[PDB]
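Beneath this line is the structure, given in structure tokens, with notes to follow.
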Amino acid sequence: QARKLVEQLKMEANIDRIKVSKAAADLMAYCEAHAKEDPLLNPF
Amino acid sequence: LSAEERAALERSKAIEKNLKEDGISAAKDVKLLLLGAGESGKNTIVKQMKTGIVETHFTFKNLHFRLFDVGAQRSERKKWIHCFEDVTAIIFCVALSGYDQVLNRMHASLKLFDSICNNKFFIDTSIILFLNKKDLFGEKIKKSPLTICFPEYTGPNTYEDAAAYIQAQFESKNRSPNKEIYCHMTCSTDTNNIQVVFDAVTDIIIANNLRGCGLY
Amino acid sequence: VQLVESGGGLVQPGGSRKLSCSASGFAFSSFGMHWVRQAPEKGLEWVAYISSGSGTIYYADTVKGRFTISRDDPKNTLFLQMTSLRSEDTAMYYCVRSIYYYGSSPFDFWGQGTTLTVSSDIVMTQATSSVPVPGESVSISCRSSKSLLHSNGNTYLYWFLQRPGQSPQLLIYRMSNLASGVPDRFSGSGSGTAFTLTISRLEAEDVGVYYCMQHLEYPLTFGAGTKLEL
Amino acid sequence: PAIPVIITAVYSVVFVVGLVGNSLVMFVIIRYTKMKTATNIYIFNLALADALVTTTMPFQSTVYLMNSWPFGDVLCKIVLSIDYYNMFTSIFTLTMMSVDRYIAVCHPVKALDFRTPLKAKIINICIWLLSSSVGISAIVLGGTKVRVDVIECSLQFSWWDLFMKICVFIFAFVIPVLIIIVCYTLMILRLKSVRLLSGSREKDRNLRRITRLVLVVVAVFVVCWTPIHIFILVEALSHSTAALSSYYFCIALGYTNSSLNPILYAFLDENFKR
Amino acid sequence: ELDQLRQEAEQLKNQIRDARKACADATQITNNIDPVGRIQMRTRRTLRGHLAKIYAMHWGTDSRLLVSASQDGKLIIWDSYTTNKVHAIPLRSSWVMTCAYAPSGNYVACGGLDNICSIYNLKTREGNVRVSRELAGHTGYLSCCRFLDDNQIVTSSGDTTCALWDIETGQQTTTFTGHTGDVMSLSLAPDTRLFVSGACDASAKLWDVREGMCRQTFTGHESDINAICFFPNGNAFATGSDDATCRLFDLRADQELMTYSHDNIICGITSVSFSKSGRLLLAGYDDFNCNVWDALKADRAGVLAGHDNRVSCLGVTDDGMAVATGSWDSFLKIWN
Ligand SMILES: COCO[C@H]1C[C@@H](C(=O)OC)[C@]2(C)CC[C@H]3C(=O)O[C@H](c4ccoc4)C[C@]3(C)[C@H]2C1=O
């Protein structure tokens with residue numbers, strides 16, 4: 001019945017999570033590293 | 001403009017002419033969306049009109065009707081109802097014979113007609129309502145009229161009053177002055193069922209013409 | 001795809017002949033058609049052009065006014081009527097499929113031609129007439145009297161090959177863009193009025209005469225023909 | 001007495017109201033709705049024709065105040081041609097709006113084909129051409145005459161005056177009035193037996209409003225076109241007195257119809273004013 | 001079993017929430033990035049020809065061609081540079097909610113209420129675009145379809161199911177199950193190994209294509225999720241729902257990282273797309289506008305107001321040159 005759901009919830013919870021600061025720094029680093037290549041930040 | 005670009009422009013113009021011709025041909029069609037329940041609310045009117053979605057095309061009195069069976073979509077209606085905002089009418093069927101049959105047949109989601117009447121897109125879309133299985137109603141009504149269907153009857157017996165009561169009850173959920181509800185009685189034996197929707201469609205298109213002429 | 005020529009033969013001067021072309025295997029109504037002649041011992045030469053919808057019709061200046069081009073899409077047949085036939089009209093004629101949109105490949109398919117024997121242009125010339133040459137790499141040049149690079153970054157030189165006894169085939173359209181059914185060993189390069197065709201590791205079945213054709217502005221002027229023989 | 005000043009004030013009021021109404025109608029229909037409906041094209045045609053009719057009031061007023069012709073023959077030809085031409089255009093646009101509404105209500109199945117914007121443009125073009133015929137005839141045939149000792153504009157060339165008067169009477173009054181009456185009465189008779197206008201507490205009032213608006217339109221047309229045609233026919237079948245003064249009152253009513261056309265057909269519309 | 005399994009699942013969910021809370025905050029986090037202020041994008045092109053509501057568009061690889069699907073039963077392949085109709089593909093089904101452009105440029109995909117993902121071949125002989133591989137097997141309507149390559153496709157449907165198909169055989173090779181509600185959106189990772197999937201159960205699930213199992217889930221919303229899109233990094237995604245808010249989640253942290261909402265916005269989000277660098281997040285709303293949020297500052301940097309109906313589809317070029325929006329007004333426009 002719900003044993004598959006319980007197993008999926010256990011498998012999804014038993015993973016590796018990194019802090020919010022690392023993810024935010026990664027997004028900021030990608031935004032600075034490609035800022036010069038984004039013209040919206042002409043062929044028509 | 002190069003020779004290739006001029007030929008490309010000519011091809012684009014030919015495509016545009018074909019699109020305009022197809023749109024002119026398709027603007028005459030009438031789009032009706034067909035809704036109801038599995039208890040003889042859909043197949044009888046589809047048959048009397050003559051995988052995921054079924055098209056029922058016909059031409060009645062130089063009018064191209066096409067009916068839109070979405071009954072195979074066993075899912076939530078909210079995420080695909082906006083595809084039918086431009087339809088002329090909603091052919092909705094309600095089963096009389098299920099006044100006492102449990103499923104109750106009258107209480108589909110408690111709001112099978114309320115949701116259709118007020119789903120933010122059918123605010124001016126007319127509904128042609130069809131009362132299902134009138135013959136079985138006439139041969140069945142002598143068994144507990146005041147029941148789980150509507151415990152507020154306090155009225156006469158037999159077909160000609162109970163049918164009117166249920167029809168008035170289902171019209172009472174409209175709450176819309178511009179929208180109209182056209183009701184009719186079906187038996188799956190008669191042959192005059194294309195004119196019931198045809199006269200309705202004539203009424204909606206006359207109303208639309210009046211609104212386009214700036215008189216209402 | 002099958003473009004079949006019909007008509008021709010031997011005619012008397014001052015007569016009229018109606019060349020016909022039957023098209024099968026493709027959507028004929030969406031293709032522009034060309035008629036291209038070839039002399040019995042010289043290079044190719046363009047005769048006529050009709051477009052889809054019978055809208056734009058172009059004729060060669062050397063035969064303008066006496067030649068008529070037409071088509072019938074329900075019958076899928078192209079027609080060229082020729083009146084007042086001269087001594088230069090002795091040639092063998094080709095029907096050419098072409099299509100024009102973004103990324104299209106005009107002049108892609110050439111039909112099997114038919115023979116007929118009578119009893120502000122642009123100069124397109126190749127400085128080389130014959131190169132004797134397998135297993136090596138060849139480079140073949142073509143020159144124009146005008147720059148073929150239009151302002152949209154598109155150069156309009158097409159590279160064709162004619163085998164000994166075969167209808168011409170398209171190798172490259174629009175300056176180093178290969179076609180369907182062509183080995184990757186062929187390549188193109190160049191700039192204004194100076195184009196090169198490079199064949200790396202020349203295998204057999206490359207003997208024949210090569211041509212360069214321009215599509216920048218009508219009329220269509222072919223090259224002279226670079227002949228490669230073993 | 002005070003007849004000339006009263007008539008001149010009437011002409012000035014007609015001029016001001018006609019210009020204001022036509023300009024407002026044009027501005028609203030070019031700023032909104034993008035002329036994407038056939039009735040919008042018809043309204044544009046009627047507004048343009050009415051504006052071209054009503055840019056003639058100082059001419060007729062100055063003619064009645066100077067009593068002969070203070071304009072010249074080139075101005076005579078252009079004014080006569082413009083007046084006749086845009087008169088016929090306005091009347092025919094009235095007729096075609098009536099027929100369009102009749103098709104929209106009484107024959108809704110075929111109205112999906114005839115009431116396209118392109119077809120509305122086609123009938124507008126034929127209206128323009130059929131009026132331009134009379135305009136060309138007026139500009140080639142009319143002239144000034146000294147008669148007494150007074151210069152005056154007319155269609156001076158027999159039966160080259162009475163025949164033209166009868167032709168303009170038939171092609172400007174009788175057929176359009178017949179079409180208006182027939183089409184609107186058939187429209188209302190069909191619209192009685194229609195839902196959203198049936199016998200209830202909130203639909204009979206709307207149907208009565210529509211019927212009142214229709215009768216207002218027809219009564220305005222009849223009242224403001226009858227006296228001029230009656231006077232010109234009784235003249236055609238010593239003219240300086242109040243009999244001659246009544247001529248320009250009839251002209252004033254005839255121009256009042258053009259002034260009231262965009263008040264009736266545009267301001268009294270549900271699609272408008274929003 | 002009847003209650004022990006439910007108690008174990010509830011305890012596991014509580015432990016997951018506690019671990020998520022403990023793996024949050026750390027080293028609000030904005031560093032005064034000096035935001036773009038106001039960006040004034042303008043309409044460079046308008047593309048007329050559709051005669052019904054535009055439901056989906058997709059850009060090509062070359063950023064010069066695009067495909068649009070309308071409710072009149074037609075796909076149209078436009079050349080956006082010169083406003084040319086390259087192709088006009090009629091469709092058997094006129095109810096399509098998704099359309100895709102193959103990255104190779106040889107095919108397009110189309111799908112909707114007929115529960116079929118039809119592939120169409122463009123770069124073929126005979127000069128006509130023909131039907132090939134009408135993939136079938138879904139029970140609900142298709143909400144999205146994205147090409148992996150010329151041979152593999154992924155389709156999200158309304159039967160709480162995603163699917164990976166191979167086009168050569170016409171048979172589905174992987175089924176992704178686990179959503180409770182209807183699935184509405186689909187975005188593929190840049191490396192074509194993973195994909196996110198948002199549903200009407202207010203849940204977005206991150207799946208691995210090769211394994212076939214849901215690697216993680218996110219449940220931070222309150223209504224039906226309608227649109228989703230990967231960040232260009234492939235390590236985060238953003239989505240929007242019918243509760244008039246947008247949420248940026250991160251793949252590694254498994255949390256909701258940022259929320260874009262406004263008091264005066266009470267309309268659902270139909271389409272979400274990033275820019276090339278990921279700094280800009282463009283979202284189409286039901287209020288007929290198309291807002292441009294700053295993805296790192298959570299403020300309304302700009303408004304695109306040129307549509308007279310509901311903005312339904314929204315795409316951005318691969319080189320970042322143009323933004324094409326299609327609404328229900330039968331016109332799609334290009335902003336730069
Ligand atoms: C619509 O508003 C104008 O109404 C016309 C109606 C004409 C009519 O009923 O035709 C059957 C009518 C009465 C005929 C006699 C005309 C005339 O002799 O010259 C006038 C003129 C000279 C230079 O510009 C104008 C116009 C004139 C008085 C006409 C009108 O005023």
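The chains in the structure tokens are called A, B, ... from first to last as shown; in each chain the residues are counted from 1, and the ligands are counted from 1 in the order shown.
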Any residue with an atom at most 9 Å from ligand 1 counts, using only C-alpha atoms and all ligand atoms. Which are they? Put them as an MDAnalysis selection string. chainID D and resid 53:54 56 59:60 63 69 75:84 86:88 90 142 152:155 164:169 172 225 228:233 247:248 250:255 257:258
Residues of segment 12-201 of chain C classed as helix (DSSP H, G or I) by DSSP on the backbone are to be reported as a tab-separated table (two decimals) with N, CA, C and O atoms, in the first residue's frame.
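In the end it all went to result16.tsv:
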```tsv
chain	number	residue	atom	x	y	z
C	28	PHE	N	5.51	19.04	-55.86
C	28	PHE	CA	5.89	19.89	-56.98
C	28	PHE	C	5.37	21.31	-56.84
C	28	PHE	O	5.99	22.25	-57.34
C	29	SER	N	4.24	21.49	-56.15
C	29	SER	CA	3.60	22.80	-56.07
C	29	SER	C	4.34	23.78	-55.17
C	29	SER	O	4.03	24.97	-55.20
C	30	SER	N	5.31	23.32	-54.38
C	30	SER	CA	6.04	24.19	-53.47
C	30	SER	C	7.49	24.40	-53.90
C	30	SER	O	8.30	24.88	-53.10
C	52	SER	N	7.13	29.23	-57.47
C	52	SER	CA	5.91	28.61	-56.98
C	52	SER	C	4.76	29.62	-57.01
C	52	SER	O	4.92	30.79	-56.65
C	53	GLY	N	3.60	29.15	-57.46
C	53	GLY	CA	2.46	30.02	-57.66
C	53	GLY	C	2.46	30.77	-58.98
C	53	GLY	O	1.55	31.58	-59.20
C	54	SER	N	3.45	30.52	-59.84
C	54	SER	CA	3.57	31.15	-61.16
C	54	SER	C	3.62	32.67	-61.05
C	54	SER	O	3.11	33.39	-61.91
```
Output as a PyMOL selection string the set of chain E residues within 7 Å of chain C, with distances taken over only C-alpha atoms. chain E and resi 86+126-128
Could you give me, as JSON, numbers by chain, the residues within 6 Å of residue 99 of chain E, counting only C-alpha atoms and dropping anything in the same chain fewer than 5 positions from it? {"E": [56, 109, 110]}
List as an MDAnalysis selection string the protein and nucleic acid residues near residue 3 of chain A, meaning an atom at most 9 Å away when only C-alpha atoms are counted, but skip any in the same chain fewer than 4 places from it. (chainID A and resid 7:8) or (chainID E and resid 1 5:6 9)
For the selection just defined, write its residues with N, CA and C atoms to a file, as a PDB file, in the first residue's frame.
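New file selection_14.pdb:
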```
ATOM      1  N   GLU A   7       9.076   4.077   1.799  1.00  0.00           N
ATOM      2  CA  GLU A   7      10.435   3.798   1.346  1.00  0.00           C
ATOM      3  C   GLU A   7      10.987   4.943   0.504  1.00  0.00           C
ATOM      4  N   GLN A   8      10.153   5.521  -0.366  1.00  0.00           N
ATOM      5  CA  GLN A   8      10.586   6.658  -1.169  1.00  0.00           C
ATOM      6  C   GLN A   8      10.880   7.873  -0.299  1.00  0.00           C
TER       7      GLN A   8
ATOM      8  N   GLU E   1       1.197  -1.805  10.590  1.00  0.00           N
ATOM      9  CA  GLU E   1       1.065  -1.728   9.140  1.00  0.00           C
ATOM     10  C   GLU E   1      -0.004  -0.716   8.745  1.00  0.00           C
ATOM     11  N   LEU E   5       2.934   1.952   9.667  1.00  0.00           N
ATOM     12  CA  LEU E   5       3.564   2.506   8.473  1.00  0.00           C
ATOM     13  C   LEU E   5       3.274   3.996   8.334  1.00  0.00           C
ATOM     14  N   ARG E   6       2.038   4.411   8.626  1.00  0.00           N
ATOM     15  CA  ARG E   6       1.694   5.828   8.559  1.00  0.00           C
ATOM     16  C   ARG E   6       2.464   6.636   9.596  1.00  0.00           C
ATOM     17  N   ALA E   9       6.031   6.953   8.371  1.00  0.00           N
ATOM     18  CA  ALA E   9       6.122   7.943   7.303  1.00  0.00           C
ATOM     19  C   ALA E   9       6.031   9.363   7.850  1.00  0.00           C
TER      20      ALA E   9
END
```
Which chain A residues are at most 6 Å from chain E (counting only C-alpha atoms), as a PyMOL selection string? chain A and resi 6+12-13+17-21+31+34-35+38
Same residues, N, CA, C and O atoms, saved as a tab-separated table (two decimals), in the first residue's frame:
```
chain	number	residue	atom	x	y	z
A	6	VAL	N	6.50	5.19	1.86
A	6	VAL	CA	7.37	5.33	3.02
A	6	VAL	C	8.83	5.09	2.64
A	6	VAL	O	9.73	5.81	3.08
A	12	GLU	N	14.53	9.59	-0.05
A	12	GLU	CA	14.70	11.00	-0.37
A	12	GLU	C	15.26	11.79	0.82
A	12	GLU	O	16.02	12.74	0.62
A	13	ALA	N	14.88	11.42	2.04
A	13	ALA	CA	15.38	12.12	3.21
A	13	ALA	C	16.83	11.76	3.51
A	13	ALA	O	17.58	12.59	4.03
A	17	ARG	N	22.75	17.17	2.13
A	17	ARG	CA	22.30	18.55	1.95
A	17	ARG	C	23.40	19.51	2.39
A	17	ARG	O	24.06	19.28	3.41
A	18	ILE	N	23.59	20.57	1.61
A	18	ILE	CA	24.60	21.58	1.88
A	18	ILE	C	23.87	22.86	2.27
A	18	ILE	O	22.71	23.08	1.90
A	19	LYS	N	24.56	23.71	3.03
A	19	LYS	CA	23.97	24.91	3.61
A	19	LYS	C	23.48	25.88	2.53
A	19	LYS	O	23.85	25.80	1.36
A	20	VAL	N	22.63	26.81	2.96
A	20	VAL	CA	22.04	27.81	2.07
A	20	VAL	C	23.11	28.74	1.51
A	20	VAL	O	23.03	29.17	0.35
A	21	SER	N	24.14	29.04	2.31
A	21	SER	CA	25.18	29.97	1.88
A	21	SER	C	25.92	29.45	0.65
A	21	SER	O	26.23	30.23	-0.25
A	31	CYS	N	25.98	34.16	-11.76
A	31	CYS	CA	25.42	35.40	-12.30
A	31	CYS	C	26.51	36.43	-12.61
A	31	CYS	O	26.39	37.16	-13.60
A	34	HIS	N	28.75	35.30	-15.90
A	34	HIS	CA	28.13	35.40	-17.21
A	34	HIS	C	27.37	36.71	-17.39
A	34	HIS	O	26.52	36.81	-18.28
A	35	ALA	N	27.66	37.71	-16.55
A	35	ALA	CA	26.95	38.98	-16.64
A	35	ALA	C	27.29	39.72	-17.93
A	35	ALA	O	26.43	40.37	-18.52
A	38	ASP	N	25.21	38.51	-21.07
A	38	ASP	CA	23.75	38.63	-21.06
A	38	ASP	C	23.36	40.03	-21.54
A	38	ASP	O	23.51	41.00	-20.79
```
Quick one: which chain B residues come within 6 Å of chain D, and what is the nearest atom pair for each with the distance in Å to one decimal, counting only C-alpha atoms, rows ordered by chain and ascending number, as a Markdown table?
```
| residue | atom | partner | partner_atom | distance |
| --- | --- | --- | --- | --- |
| B:206 | CA | D:105 | CA | 5.5 |
| B:209 | CA | D:104 | CA | 5.6 |
| B:214 | CA | D:270 | CA | 4.4 |
| B:215 | CA | D:270 | CA | 5.6 |
| B:216 | CA | D:270 | CA | 5.7 |
```
Write out the residues from the selection above, keeping C-alpha atoms, as a short mmCIF file (atom, residue, chain, number, x, y, z; two decimals), in the first residue's frame.
```
data_model
loop_
_atom_site.label_atom_id
_atom_site.label_comp_id
_atom_site.auth_asym_id
_atom_site.auth_seq_id
_atom_site.Cartn_x
_atom_site.Cartn_y
_atom_site.Cartn_z
CA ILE B 206 -28.66 36.51 -32.45
CA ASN B 209 -25.18 39.97 -33.18
CA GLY B 214 -24.46 48.18 -30.18
CA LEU B 215 -28.07 47.69 -29.07
CA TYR B 216 -27.55 45.70 -25.85
#
```
If you count only C-alpha atoms, which residues fall within 10 Å of residue 173 of chain B, apart from same-chain ones fewer than 4 positions away, as an mmCIF file with N, CA, C and O atoms, in the first residue's frame?
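Produced file selection_5.cif, reproduced below:
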```cif
data_model
loop_
_atom_site.group_PDB
_atom_site.id
_atom_site.type_symbol
_atom_site.label_atom_id
_atom_site.label_comp_id
_atom_site.auth_asym_id
_atom_site.auth_seq_id
_atom_site.Cartn_x
_atom_site.Cartn_y
_atom_site.Cartn_z
ATOM 1 N N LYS B 111 -21.693 19.745 -6.829
ATOM 2 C CA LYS B 111 -21.612 20.984 -7.589
ATOM 3 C C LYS B 111 -21.287 20.719 -9.055
ATOM 4 O O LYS B 111 -20.604 21.524 -9.696
ATOM 5 N N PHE B 113 -23.112 21.027 -11.578
ATOM 6 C CA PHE B 113 -23.629 22.141 -12.364
ATOM 7 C C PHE B 113 -23.140 23.488 -11.861
ATOM 8 O O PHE B 113 -22.988 24.420 -12.659
ATOM 9 N N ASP B 114 -22.893 23.606 -10.552
ATOM 10 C CA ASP B 114 -22.387 24.854 -9.984
ATOM 11 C C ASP B 114 -21.008 25.200 -10.525
ATOM 12 O O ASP B 114 -20.731 26.365 -10.832
ATOM 13 N N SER B 115 -20.124 24.206 -10.629
ATOM 14 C CA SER B 115 -18.781 24.453 -11.138
ATOM 15 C C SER B 115 -18.816 24.872 -12.601
ATOM 16 O O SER B 115 -18.069 25.764 -13.010
ATOM 17 N N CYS B 117 -21.373 26.328 -14.174
ATOM 18 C CA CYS B 117 -22.041 27.616 -14.316
ATOM 19 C C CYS B 117 -21.166 28.795 -13.914
ATOM 20 O O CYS B 117 -21.439 29.919 -14.346
ATOM 21 N N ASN B 118 -20.126 28.577 -13.108
ATOM 22 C CA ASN B 118 -19.405 29.709 -12.539
ATOM 23 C C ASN B 118 -17.892 29.515 -12.565
ATOM 24 O O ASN B 118 -17.195 29.981 -11.657
ATOM 25 N N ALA B 168 -36.430 22.930 -12.431
ATOM 26 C CA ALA B 168 -36.358 24.233 -11.781
ATOM 27 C C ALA B 168 -35.239 24.271 -10.750
ATOM 28 O O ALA B 168 -34.566 25.295 -10.595
ATOM 29 N N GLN B 169 -35.021 23.158 -10.046
ATOM 30 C CA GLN B 169 -33.939 23.094 -9.071
ATOM 31 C C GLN B 169 -32.584 23.267 -9.740
ATOM 32 O O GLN B 169 -31.708 23.967 -9.217
#
```
Closest of E:330, E:239, E:172, E:83 to chain B - atom-to-atom distances counting only C-alpha atoms: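 Between E:330, E:239, E:172, E:83, the residue approaching chain B most closely is E:83.
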State, in Å with one decimal place, the distance from atom CA of residue 143 of chain D to atom CA of residue 240 of chain D.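 Atom CA of residue 240 of chain D lies 21.4 Å from atom CA of residue 143 of chain D.
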Could you please select, counting only C-alpha atoms, the residues of chain B within 9 Å of chain E and state them as a tab-separated table (two decimals) with N, CA and C atoms, in the first residue's frame?
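Everything below was put into iface_35.tsv:
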```tsv
chain	number	residue	atom	x	y	z
B	8	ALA	N	11.61	33.75	-50.82
B	8	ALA	CA	11.17	33.45	-49.46
B	8	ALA	C	10.00	34.32	-49.05
B	9	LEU	N	10.03	35.60	-49.42
B	9	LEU	CA	8.92	36.50	-49.13
B	9	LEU	C	7.66	36.07	-49.88
B	11	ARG	N	6.95	32.98	-50.75
B	11	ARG	CA	6.48	31.79	-50.03
B	11	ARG	C	5.74	32.17	-48.75
B	12	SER	N	6.27	33.15	-48.00
B	12	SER	CA	5.60	33.61	-46.79
B	12	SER	C	4.24	34.21	-47.10
B	13	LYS	N	4.14	34.97	-48.20
B	13	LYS	CA	2.86	35.55	-48.59
B	13	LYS	C	1.86	34.47	-48.99
B	15	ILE	N	1.83	31.44	-47.78
B	15	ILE	CA	1.44	30.83	-46.51
B	15	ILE	C	0.41	31.70	-45.79
B	16	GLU	N	0.61	33.02	-45.80
B	16	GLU	CA	-0.34	33.92	-45.15
B	16	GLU	C	-1.71	33.87	-45.83
B	19	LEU	N	-3.36	30.72	-44.66
B	19	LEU	CA	-3.84	30.87	-43.29
B	19	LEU	C	-5.13	31.67	-43.24
B	20	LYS	N	-5.20	32.76	-44.01
B	20	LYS	CA	-6.41	33.58	-44.04
B	20	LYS	C	-7.58	32.80	-44.61
B	23	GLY	N	-8.74	30.30	-41.96
B	23	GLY	CA	-9.48	30.99	-40.91
B	23	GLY	C	-10.86	31.43	-41.35
B	26	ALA	N	-12.97	28.36	-41.29
B	26	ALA	CA	-13.21	27.85	-39.95
B	26	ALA	C	-14.01	28.80	-39.07
B	51	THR	N	-8.59	9.52	-28.67
B	51	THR	CA	-8.80	8.84	-27.40
B	51	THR	C	-9.06	9.84	-26.28
B	52	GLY	N	-8.15	10.81	-26.12
B	52	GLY	CA	-8.30	11.80	-25.07
B	52	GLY	C	-9.48	12.72	-25.29
B	53	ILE	N	-9.71	13.13	-26.53
B	53	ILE	CA	-10.84	13.99	-26.89
B	53	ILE	C	-11.46	13.46	-28.17
B	54	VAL	N	-12.78	13.51	-28.25
B	54	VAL	CA	-13.53	12.98	-29.39
B	54	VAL	C	-14.26	14.13	-30.06
B	70	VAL	N	-15.09	15.15	-23.93
B	70	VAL	CA	-13.88	15.20	-23.11
B	70	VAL	C	-14.10	14.26	-21.93
B	72	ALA	N	-13.38	11.13	-21.63
B	72	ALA	CA	-12.25	10.25	-21.35
B	72	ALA	C	-11.20	10.90	-20.46
B	73	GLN	N	-11.28	12.22	-20.25
B	73	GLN	CA	-10.32	12.93	-19.41
B	73	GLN	C	-10.73	12.77	-17.95
B	74	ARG	N	-10.32	11.65	-17.36
B	74	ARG	CA	-10.60	11.36	-15.95
B	74	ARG	C	-9.55	12.07	-15.10
B	75	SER	N	-9.71	13.38	-14.97
B	75	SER	CA	-8.77	14.21	-14.24
B	75	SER	C	-9.49	15.47	-13.78
B	76	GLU	N	-8.73	16.38	-13.16
B	76	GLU	CA	-9.29	17.65	-12.71
B	76	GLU	C	-9.65	18.52	-13.90
B	79	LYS	N	-7.64	22.56	-15.05
B	79	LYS	CA	-6.42	22.82	-15.81
B	79	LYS	C	-6.60	22.64	-17.31
B	80	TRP	N	-7.80	22.30	-17.78
B	80	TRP	CA	-8.04	22.24	-19.22
B	80	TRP	C	-9.37	22.87	-19.62
B	83	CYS	N	-9.38	25.94	-22.30
B	83	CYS	CA	-9.38	25.64	-23.72
B	83	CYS	C	-10.77	25.74	-24.34
```
When DSSP is applied to the backbone of this structure, which of segment 109-284 of chain E are assigned strand (DSSP E or B)? Write them out as number ranges by chain. E: 109-112, 116-121, 130-136, 142-147, 152-157, 161-166, 171-177, 183, 187-188, 194-199, 204-208, 214-218, 225-230, 236-241, 245-250, 256-261, 269-274, 280-284
Taking only C-alpha atoms into account, report as a PyMOL selection string which residues of chain B lie within 7 Å of chain C. chain B and resi 2-4+7-8
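Excluding residue 4 of chain D itself and same-chain residues fewer than 3 positions from it, the residues having an atom within 10 Å of it are residues 1, 7, 8, 9, 10, 61, 64, 65, 245, 248 and 249 of chain D, counting only C-alpha atoms.
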How would the residues just chosen look if you wrote them out with N, CA and C atoms as a compact mmCIF listing (two decimals), in the first residue's frame?
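Everything below was put into result30.txt:
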```txt
# COMPACT_ATOMS: atom_id res chain seq x y z
N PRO D 1 -39.07 90.99 -39.61
CA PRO D 1 -39.04 90.73 -38.17
C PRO D 1 -37.73 90.08 -37.72
N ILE D 7 -33.13 82.10 -38.03
CA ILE D 7 -32.68 81.07 -38.96
C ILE D 7 -31.16 80.97 -38.97
N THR D 8 -30.46 82.11 -38.91
CA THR D 8 -29.01 82.09 -38.86
C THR D 8 -28.50 81.44 -37.58
N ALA D 9 -29.18 81.70 -36.46
CA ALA D 9 -28.80 81.04 -35.21
C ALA D 9 -29.02 79.53 -35.29
N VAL D 10 -30.11 79.12 -35.95
CA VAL D 10 -30.37 77.70 -36.17
C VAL D 10 -29.25 77.07 -36.99
N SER D 61 -25.47 79.98 -45.30
CA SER D 61 -25.83 81.14 -44.48
C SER D 61 -25.42 82.45 -45.16
N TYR D 64 -27.77 83.17 -48.05
CA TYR D 64 -29.04 83.78 -47.65
C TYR D 64 -28.87 85.20 -47.12
N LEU D 65 -27.70 85.52 -46.56
CA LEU D 65 -27.47 86.87 -46.06
C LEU D 65 -27.03 87.86 -47.14
N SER D 245 -38.39 82.45 -47.50
CA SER D 245 -37.69 82.29 -46.23
C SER D 245 -37.82 80.87 -45.68
N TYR D 248 -35.01 78.05 -46.56
CA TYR D 248 -33.81 77.83 -45.77
C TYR D 248 -34.11 77.22 -44.41
N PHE D 249 -35.35 77.31 -43.92
CA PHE D 249 -35.73 76.51 -42.77
C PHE D 249 -35.81 75.03 -43.13
```
